[PDB]
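S.K.: This is run-v1.pdb, which holds PDB, C-alpha atoms:
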ATOM      1  CA  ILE L 181     130.228  73.786 156.996  1.00  0.00           C
ATOM      2  CA  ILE L 182     132.548  75.191 154.311  1.00  0.00           C
ATOM      3  CA  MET L 183     132.161  75.594 150.555  1.00  0.00           C
ATOM      4  CA  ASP L 184     134.457  77.762 148.427  1.00  0.00           C
ATOM      5  CA  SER L 185     132.690  79.243 145.394  1.00  0.00           C
ATOM      6  CA  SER L 186     133.926  80.478 142.019  1.00  0.00           C
ATOM      7  CA  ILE L 187     132.292  83.210 139.944  1.00  0.00           C
ATOM      8  CA  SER L 188     131.803  83.951 136.248  1.00  0.00           C
ATOM      9  CA  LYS L 189     131.344  87.473 134.879  1.00  0.00           C
ATOM     10  CA  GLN L 190     129.746  88.836 131.716  1.00  0.00           C
ATOM     11  CA  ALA L 191     130.501  91.915 129.633  1.00  0.00           C
ATOM     12  CA  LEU L 192     128.044  94.618 128.585  1.00  0.00           C
ATOM     13  CA  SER L 193     127.371  95.592 124.963  1.00  0.00           C
ATOM     14  CA  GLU L 194     128.202  99.233 125.585  1.00  0.00           C
ATOM     15  CA  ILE L 195     126.443 101.391 122.989  1.00  0.00           C
ATOM     16  CA  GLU L 196     127.528 104.927 122.152  1.00  0.00           C
ATOM     17  CA  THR L 197     124.125 105.675 120.576  1.00  0.00           C
ATOM     18  CA  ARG L 198     121.707 104.308 123.190  1.00  0.00           C
ATOM     19  CA  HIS L 199     121.351 107.646 124.992  1.00  0.00           C
ATOM     20  CA  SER L 200     122.848 111.140 124.825  1.00  0.00           C
ATOM     21  CA  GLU L 201     123.884 110.356 121.258  1.00  0.00           C
ATOM     22  CA  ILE L 202     120.413 109.673 119.957  1.00  0.00           C
ATOM     23  CA  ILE L 203     120.021 113.304 120.992  1.00  0.00           C
ATOM     24  CA  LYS L 204     123.308 113.866 119.144  1.00  0.00           C
ATOM     25  CA  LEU L 205     121.830 112.094 116.106  1.00  0.00           C
ATOM     26  CA  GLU L 206     118.925 114.534 116.279  1.00  0.00           C
ATOM     27  CA  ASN L 207     121.478 117.348 116.594  1.00  0.00           C
ATOM     28  CA  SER L 208     123.121 115.809 113.509  1.00  0.00           C
ATOM     29  CA  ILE L 209     119.901 115.098 111.590  1.00  0.00           C
ATOM     30  CA  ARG L 210     117.400 117.760 112.623  1.00  0.00           C
ATOM     31  CA  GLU L 211     120.016 120.504 113.123  1.00  0.00           C
ATOM     32  CA  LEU L 212     123.250 119.953 111.174  1.00  0.00           C
ATOM     33  CA  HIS L 213     121.588 118.584 108.035  1.00  0.00           C
ATOM     34  CA  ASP L 214     118.704 121.048 108.317  1.00  0.00           C
TER
ATOM     35  CA  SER S 148     104.849 139.634  94.173  1.00  0.00           C
ATOM     36  CA  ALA S 149     104.616 135.918  93.379  1.00  0.00           C
ATOM     37  CA  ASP S 150     102.918 136.720  90.071  1.00  0.00           C
ATOM     38  CA  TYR S 151     105.638 139.242  89.216  1.00  0.00           C
ATOM     39  CA  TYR S 152     108.405 136.759  90.042  1.00  0.00           C
ATOM     40  CA  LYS S 153     106.745 133.946  88.078  1.00  0.00           C
ATOM     41  CA  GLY S 154     106.290 136.186  85.040  1.00  0.00           C
ATOM     42  CA  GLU S 155     109.934 137.267  85.359  1.00  0.00           C
ATOM     43  CA  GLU S 156     111.140 133.608  85.299  1.00  0.00           C
ATOM     44  CA  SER S 157     112.320 133.885  88.933  1.00  0.00           C
ATOM     45  CA  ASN S 158     111.217 130.407  89.997  1.00  0.00           C
ATOM     46  CA  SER S 159     112.741 130.197  93.482  1.00  0.00           C
ATOM     47  CA  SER S 160     111.431 133.494  94.867  1.00  0.00           C
ATOM     48  CA  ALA S 161     107.966 132.871  93.428  1.00  0.00           C
ATOM     49  CA  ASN S 162     107.931 129.393  94.977  1.00  0.00           C
ATOM     50  CA  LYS S 163     108.910 130.731  98.401  1.00  0.00           C
ATOM     51  CA  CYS S 164     106.328 133.522  98.218  1.00  0.00           C
ATOM     52  CA  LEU S 165     103.576 131.097  97.189  1.00  0.00           C
ATOM     53  CA  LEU S 166     104.499 128.689  99.988  1.00  0.00           C
ATOM     54  CA  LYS S 167     104.525 131.479 102.580  1.00  0.00           C
ATOM     55  CA  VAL S 168     101.187 132.931 101.477  1.00  0.00           C
ATOM     56  CA  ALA S 169      99.533 129.499 101.406  1.00  0.00           C
ATOM     57  CA  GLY S 170     100.886 128.620 104.845  1.00  0.00           C
ATOM     58  CA  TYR S 171      99.667 131.902 106.309  1.00  0.00           C
ATOM     59  CA  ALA S 172      96.247 131.619 104.651  1.00  0.00           C
ATOM     60  CA  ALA S 173      95.651 128.030 105.783  1.00  0.00           C
ATOM     61  CA  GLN S 174      95.454 129.208 109.401  1.00  0.00           C
ATOM     62  CA  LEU S 175      92.635 131.714 108.787  1.00  0.00           C
ATOM     63  CA  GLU S 176      91.530 131.016 105.188  1.00  0.00           C
ATOM     64  CA  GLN S 177      89.790 128.193 103.363  1.00  0.00           C
ATOM     65  CA  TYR S 178      92.157 125.248 103.037  1.00  0.00           C
ATOM     66  CA  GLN S 179      91.451 124.551  99.351  1.00  0.00           C
ATOM     67  CA  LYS S 180      93.963 127.218  98.316  1.00  0.00           C
ATOM     68  CA  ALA S 181      96.499 125.804 100.774  1.00  0.00           C
ATOM     69  CA  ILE S 182      96.047 122.290  99.378  1.00  0.00           C
ATOM     70  CA  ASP S 183      96.356 123.502  95.788  1.00  0.00           C
ATOM     71  CA  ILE S 184      99.475 125.579  96.446  1.00  0.00           C
ATOM     72  CA  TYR S 185     101.169 122.850  98.493  1.00  0.00           C
ATOM     73  CA  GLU S 186     100.491 120.271  95.778  1.00  0.00           C
ATOM     74  CA  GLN S 187     101.754 122.626  93.060  1.00  0.00           C
ATOM     75  CA  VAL S 188     104.965 123.470  94.922  1.00  0.00           C
ATOM     76  CA  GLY S 189     105.538 119.786  95.644  1.00  0.00           C
ATOM     77  CA  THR S 190     105.086 118.973  91.957  1.00  0.00           C
ATOM     78  CA  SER S 191     107.585 121.688  91.045  1.00  0.00           C
ATOM     79  CA  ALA S 192     110.074 120.569  93.702  1.00  0.00           C
ATOM     80  CA  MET S 193     110.085 116.783  93.256  1.00  0.00           C
ATOM     81  CA  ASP S 194     111.499 116.949  89.724  1.00  0.00           C
ATOM     82  CA  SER S 195     114.269 119.280  90.890  1.00  0.00           C
ATOM     83  CA  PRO S 196     116.957 117.894  93.235  1.00  0.00           C
ATOM     84  CA  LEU S 197     116.890 121.000  95.455  1.00  0.00           C
ATOM     85  CA  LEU S 198     113.805 120.291  97.587  1.00  0.00           C
ATOM     86  CA  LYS S 199     113.260 116.634  96.649  1.00  0.00           C
ATOM     87  CA  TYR S 200     114.668 115.502 100.006  1.00  0.00           C
ATOM     88  CA  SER S 201     112.392 117.922 101.905  1.00  0.00           C
ATOM     89  CA  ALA S 202     109.198 117.801  99.811  1.00  0.00           C
ATOM     90  CA  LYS S 203     107.996 115.236 102.355  1.00  0.00           C
ATOM     91  CA  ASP S 204     107.384 118.170 104.706  1.00  0.00           C
ATOM     92  CA  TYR S 205     105.216 119.951 102.126  1.00  0.00           C
ATOM     93  CA  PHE S 206     103.242 116.770 101.442  1.00  0.00           C
ATOM     94  CA  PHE S 207     102.824 116.347 105.206  1.00  0.00           C
ATOM     95  CA  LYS S 208     101.460 119.893 105.448  1.00  0.00           C
ATOM     96  CA  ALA S 209      99.008 119.255 102.605  1.00  0.00           C
ATOM     97  CA  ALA S 210      97.902 115.961 104.161  1.00  0.00           C
ATOM     98  CA  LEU S 211      97.386 117.651 107.534  1.00  0.00           C
ATOM     99  CA  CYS S 212      95.283 120.335 105.849  1.00  0.00           C
ATOM    100  CA  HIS S 213      93.252 117.560 104.215  1.00  0.00           C
ATOM    101  CA  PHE S 214      92.803 115.857 107.595  1.00  0.00           C
ATOM    102  CA  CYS S 215      91.435 119.064 109.127  1.00  0.00           C
ATOM    103  CA  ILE S 216      88.556 118.802 106.620  1.00  0.00           C
ATOM    104  CA  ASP S 217      87.718 115.091 106.813  1.00  0.00           C
ATOM    105  CA  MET S 218      89.277 111.619 106.985  1.00  0.00           C
ATOM    106  CA  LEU S 219      88.206 109.742 103.844  1.00  0.00           C
ATOM    107  CA  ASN S 220      89.591 112.453 101.568  1.00  0.00           C
ATOM    108  CA  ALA S 221      92.740 112.406 103.709  1.00  0.00           C
ATOM    109  CA  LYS S 222      93.097 108.670 103.052  1.00  0.00           C
ATOM    110  CA  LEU S 223      92.652 109.242  99.317  1.00  0.00           C
ATOM    111  CA  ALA S 224      95.190 112.081  99.382  1.00  0.00           C
ATOM    112  CA  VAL S 225      97.813 110.026 101.225  1.00  0.00           C
ATOM    113  CA  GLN S 226      97.397 107.006  98.949  1.00  0.00           C
ATOM    114  CA  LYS S 227      97.638 109.257  95.882  1.00  0.00           C
ATOM    115  CA  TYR S 228     100.771 110.926  97.272  1.00  0.00           C
ATOM    116  CA  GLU S 229     102.458 107.604  98.037  1.00  0.00           C
ATOM    117  CA  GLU S 230     101.523 106.222  94.612  1.00  0.00           C
ATOM    118  CA  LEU S 231     103.017 109.323  92.979  1.00  0.00           C
ATOM    119  CA  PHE S 232     105.873 109.523  95.527  1.00  0.00           C
ATOM    120  CA  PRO S 233     106.854 105.971  96.537  1.00  0.00           C
ATOM    121  CA  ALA S 234     109.622 107.304  98.799  1.00  0.00           C
ATOM    122  CA  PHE S 235     106.942 108.934 100.979  1.00  0.00           C
ATOM    123  CA  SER S 236     105.716 105.584 102.337  1.00  0.00           C
ATOM    124  CA  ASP S 237     108.793 104.731 104.418  1.00  0.00           C
ATOM    125  CA  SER S 238     108.951 108.288 105.787  1.00  0.00           C
ATOM    126  CA  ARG S 239     108.298 108.506 109.520  1.00  0.00           C
ATOM    127  CA  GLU S 240     105.728 111.197 108.710  1.00  0.00           C
ATOM    128  CA  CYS S 241     103.617 108.584 106.921  1.00  0.00           C
ATOM    129  CA  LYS S 242     103.813 106.263 109.937  1.00  0.00           C
ATOM    130  CA  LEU S 243     102.785 109.085 112.272  1.00  0.00           C
ATOM    131  CA  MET S 244      99.870 109.950 109.976  1.00  0.00           C
ATOM    132  CA  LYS S 245      98.756 106.311 109.828  1.00  0.00           C
ATOM    133  CA  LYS S 246      98.818 105.998 113.617  1.00  0.00           C
ATOM    134  CA  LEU S 247      96.966 109.310 113.974  1.00  0.00           C
ATOM    135  CA  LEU S 248      94.200 108.334 111.554  1.00  0.00           C
ATOM    136  CA  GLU S 249      93.857 104.877 113.110  1.00  0.00           C
ATOM    137  CA  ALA S 250      93.470 106.484 116.542  1.00  0.00           C
ATOM    138  CA  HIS S 251      90.957 109.020 115.215  1.00  0.00           C
ATOM    139  CA  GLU S 252      88.865 106.282 113.600  1.00  0.00           C
ATOM    140  CA  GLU S 253      89.073 104.260 116.829  1.00  0.00           C
ATOM    141  CA  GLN S 254      87.966 107.347 118.817  1.00  0.00           C
ATOM    142  CA  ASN S 255      90.642 106.730 121.457  1.00  0.00           C
ATOM    143  CA  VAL S 256      91.826 110.089 122.795  1.00  0.00           C
ATOM    144  CA  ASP S 257      94.556 108.464 124.891  1.00  0.00           C
ATOM    145  CA  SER S 258      96.154 106.735 121.896  1.00  0.00           C
ATOM    146  CA  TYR S 259      96.250 109.933 119.835  1.00  0.00           C
ATOM    147  CA  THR S 260      97.621 111.954 122.755  1.00  0.00           C
ATOM    148  CA  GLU S 261     100.384 109.443 123.471  1.00  0.00           C
ATOM    149  CA  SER S 262     101.238 109.216 119.759  1.00  0.00           C
ATOM    150  CA  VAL S 263     101.620 112.990 119.458  1.00  0.00           C
ATOM    151  CA  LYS S 264     103.615 113.102 122.703  1.00  0.00           C
ATOM    152  CA  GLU S 265     105.914 110.335 121.442  1.00  0.00           C
ATOM    153  CA  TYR S 266     106.449 112.252 118.203  1.00  0.00           C
ATOM    154  CA  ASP S 267     107.158 115.444 120.159  1.00  0.00           C
ATOM    155  CA  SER S 268     109.718 113.675 122.361  1.00  0.00           C
ATOM    156  CA  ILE S 269     111.949 113.453 119.287  1.00  0.00           C
ATOM    157  CA  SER S 270     112.195 116.597 117.159  1.00  0.00           C
ATOM    158  CA  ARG S 271     110.064 119.536 118.344  1.00  0.00           C
ATOM    159  CA  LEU S 272     106.591 120.784 117.491  1.00  0.00           C
ATOM    160  CA  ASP S 273     105.703 124.215 116.109  1.00  0.00           C
ATOM    161  CA  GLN S 274     102.964 126.671 117.029  1.00  0.00           C
ATOM    162  CA  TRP S 275     101.166 126.074 113.726  1.00  0.00           C
ATOM    163  CA  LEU S 276     101.454 122.287 113.985  1.00  0.00           C
ATOM    164  CA  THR S 277     100.262 122.233 117.601  1.00  0.00           C
ATOM    165  CA  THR S 278      97.350 124.522 116.729  1.00  0.00           C
ATOM    166  CA  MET S 279      96.273 122.338 113.799  1.00  0.00           C
ATOM    167  CA  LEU S 280      96.576 119.145 115.851  1.00  0.00           C
ATOM    168  CA  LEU S 281      94.497 120.659 118.658  1.00  0.00           C
ATOM    169  CA  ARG S 282      91.894 121.920 116.177  1.00  0.00           C
ATOM    170  CA  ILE S 283      91.477 118.482 114.602  1.00  0.00           C
ATOM    171  CA  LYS S 284      91.416 116.904 118.077  1.00  0.00           C
ATOM    172  CA  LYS S 285      88.633 119.162 119.369  1.00  0.00           C
ATOM    173  CA  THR S 286      86.112 117.864 116.810  1.00  0.00           C
ATOM    174  CA  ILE S 287      86.703 114.205 117.726  1.00  0.00           C
ATOM    175  CA  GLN S 288      83.360 114.071 119.565  1.00  0.00           C
TER
END
Show me, as structure tokens, the structure contained in the file I just sent.
M.R.:
Amino acid sequence: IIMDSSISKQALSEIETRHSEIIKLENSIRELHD
Amino acid sequence: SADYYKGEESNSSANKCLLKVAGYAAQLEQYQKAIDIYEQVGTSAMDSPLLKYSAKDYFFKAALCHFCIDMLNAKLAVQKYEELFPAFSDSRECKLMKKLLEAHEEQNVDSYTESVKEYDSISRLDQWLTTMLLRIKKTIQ
């Protein structure tokens, strides 16, 4: 009636440019370079 | 004023004046003058390094003016522009134009509306651009 269990975790490929810096790319492309 | 500047060798001011007058006229005037002036200013600009990186916008304006007349001539204009300006093909403007013309030929209002909305999500539209897009949309039938 007992079974101890182990776990395995995974990391996340955190991306600086997947949101809020695509808007910053636009602010760098459409605004700064314009 | 553009004539005076051109005769005085002032190239930049004459170019800006011609572009402004053509852009203003296209809204309420026959689009042949707009097409001619846009093509001429693009021809002047591409050789120079000043507006070479932004001549895509002028070609986009000329192509949009062509589209407001008909579609076949718009296809011929875009293929001529890309043949003369190979760097225009990979431009996102060309992809947007291709999707727009495919939707218009397919007579699918939803596809065109979602394409324009997707384009507007990035960047931002202008009063003139929105007006021209609506005008071409109205005559979809």
S.K.: So which residues fall inside 12 Å of (88.0, 117.6, 106.9) if we count all atoms listed in the file? Mind giving them as a PyMOL selection string?
M.R.: chain S and resi 177-179+182+209-222+224+279+282-284+286-287
S.K.: If the PyMOL selection byres ((chain S) within 12 of (chain L)) is run on the structure shown, which residues does it catch, given as an MDAnalysis selection string?
M.R.: chainID S and resid 198 200:201 268:271
S.K.: Tell me, in Å to one decimal, how far CA of residue 232 in chain S is from CA of residue 202 in chain S.
M.R.: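 Going from CA of residue 232 in chain S over to CA of residue 202 in chain S covers 9.9 Å.
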S.K.: Please, what distance in Å, to one decimal, runs between CA of residue 166 in chain S and CA of residue 192 in chain S?
M.R.: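 Those two atoms sit 11.7 Å apart.
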S.K.: Separation of CA of residue 187 in chain S and CA of residue 237 in chain S, in Å?
M.R.: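 These atoms are spaced 22.3 Å apart.
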S.K.: Take every atom of range 195-206 of chain L listed in the file, fit an axis-aligned box around them, add 6 Å per side, and give the centre and edge lengths in Å to one decimal as JSON.
M.R.:
{"center_x": 123.2, "center_y": 108.0, "center_z": 120.5, "size_x": 20.6, "size_y": 25.1, "size_z": 20.9}
